[PDB]
Amino acid sequence: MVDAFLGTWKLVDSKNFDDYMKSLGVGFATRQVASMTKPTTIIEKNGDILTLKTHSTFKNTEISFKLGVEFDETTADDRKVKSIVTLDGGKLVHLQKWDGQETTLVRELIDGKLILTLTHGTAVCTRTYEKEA
Ligand SMILES: CCCCCC/C=C\CCCCCCCC(=O)O
């Protein structure tokens, strides 16, 4: 199920993150710092509650959720959203809704790497994470 996603992951590639942030209305100064930040993402489970931590030198976030149960979230860029995370096709799909807008954060495993695809508007960003021991 979710088990192969669990652990500590480090950013090792990023494509079109500025486009994604700009689509969300993130200001230039934040985008600038974010473009040079390499987060660590930690995914943990306790029974069927998942906790997803994102740690960096700039912004930190943490969310806890049950798969398939909506939760309130305040994102790194300070959007207050209604969220749900589900497994779909073996991918961990995180959908955020606010003001009639939506964005998806889709995680999948390819060759042992965690590929995060972020879509908002027409912007599609692909971030690659590798596992840490
Ligand atoms: C997490 C470090 C940079 C974040 C700075 C805030 C700017 C934009 C937030 C966009 C939504 C969250 C993106 C997460 C990207 C990721 O987990 O690699």
Side-chain angles (χ1 to χ4, degrees), residues 2-133:
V2 183
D3 296 1
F5 291 98
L6 303 178
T8 299
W9 297 93
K10 322 293 268 190
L11 185 76
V12 300
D13 190 70
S14 186
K15 298 180 169 80
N16 297 347
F17 190 45
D18 182 73
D19 319 34
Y20 178 76
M21 292 187 286
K22 193 180 174 197
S23 187
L24 292 172
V26 178
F28 75 95
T30 293
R31 297 200 316 274
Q32 186 189 112
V33 178
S35 73
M36 291 298 286
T37 299
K38 297 184 185 182
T40 298
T41 302
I42 306 166
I43 311 180
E44 286 175 282
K45 82 181 181 176
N46 182 167
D48 63 333
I49 302 302
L50 275 70
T51 299
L52 191 156
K53 298 174 172 198
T54 309
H55 290 170
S56 78
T57 55
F58 180 30
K59 302 272 184 190
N60 298 310
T61 56
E62 179 174 316
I63 61 176
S64 293
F65 53 88
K66 189 176 290 186
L67 295 168
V69 178
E70 187 175 69
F71 59 104
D72 285 300
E73 176 182 8
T74 301
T75 66
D77 60 314
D78 307 315
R79 289 174 285 117
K80 293 180 178 174
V81 307
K82 302 299 189 162
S83 293
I84 191 167
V85 181
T86 194
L87 284 163
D88 179 353
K91 304 192 184 192
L92 189 71
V93 177
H94 180 181
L95 172 62
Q96 298 173 335
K97 298 170 185 173
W98 71 108
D99 295 336
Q101 303 197 46
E102 298 186 336
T103 185
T104 57
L105 305 89
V106 175
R107 291 178 172 88
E108 70 192 271
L109 296 156
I110 303 178
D111 291 326
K113 303 176 200 268
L114 186 161
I115 310 312
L116 171 64
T117 302
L118 308 172
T119 304
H120 176 253
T122 59
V124 184
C125 161
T126 308
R127 280 169 67 89
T128 303
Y129 283 83
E130 282 174 359
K131 185 91 115 107
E132 182 176 323

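Heavy atoms only: backbone and side chains are in, while hydrogens, waters and symmetry mates are out. Start at 1 with the first residue, then count along the sequence.
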Please tell me if the side chains of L67 and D48 come closer than 4.5 Å, counting only heavy atoms from C-beta onward.
-> no

Side-chain heavy-atom pair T51, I63 within 4.5 angstrom cut-off | no

Would you check, one step at a time, whether the test side chain to side chain donor-acceptor pair (under 3.5 Å) holds for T75 with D77?
-> CA-CA 5 Å; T75 66; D77 60 314; 2.7 Å; yes

Kindly work out whether a path of hydrophobic side-chain contacts (I/L/V/M/F/W/Y, heavy atoms less than 4.5 Å apart) joins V33 to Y20.
-> no

Taking it one step at a time, do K10 and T40 satisfy side chain to side chain donor-acceptor pair (under 3.5 Å)?
-> CA-CA 5 Å; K10 322 293 268 190; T40 298; 2.8 Å; yes

Looking only at heavy atoms, which two atoms of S83 and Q96 are closest? And how far apart?
-> OG-CG, 3.5 Å

Rounded to the nearest 0.5 Å, how far apart are OG1 of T41 and CD of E132?
-> 11.0 Å

First locate atom CZ of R31, then atom CG of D19, and finally report the distance between them rounded to the nearest 0.5 Å.
-> 9.5 Å

So with a 6.0 Å cut-off around NZ of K80, is the heavy-atom count from everything else above 12?
-> no

Look at the side chain of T104 and the backbone N and O of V106, then say whether any donor-acceptor pair between them is shorter than 3.5 Å.
-> no

Just say parallel, tilted or perpendicular for the rings of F65 and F71, cut-offs at 30° and 60°.
-> parallel

Would you please test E130 and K113 for salt bridge (charged side-chain N to carboxylate O under 4.0 Å, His left out) and show each step?
-> CA-CA 5 Å; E130 282 174 359; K113 303 176 200 268; 2.8 Å; yes

Test salt bridge (charged side-chain N to carboxylate O under 4.0 Å, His left out) applied to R127 and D13, step by step | CA-CA 6 Å; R127 280 169 67 89; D13 190 70; over 6 Å; no

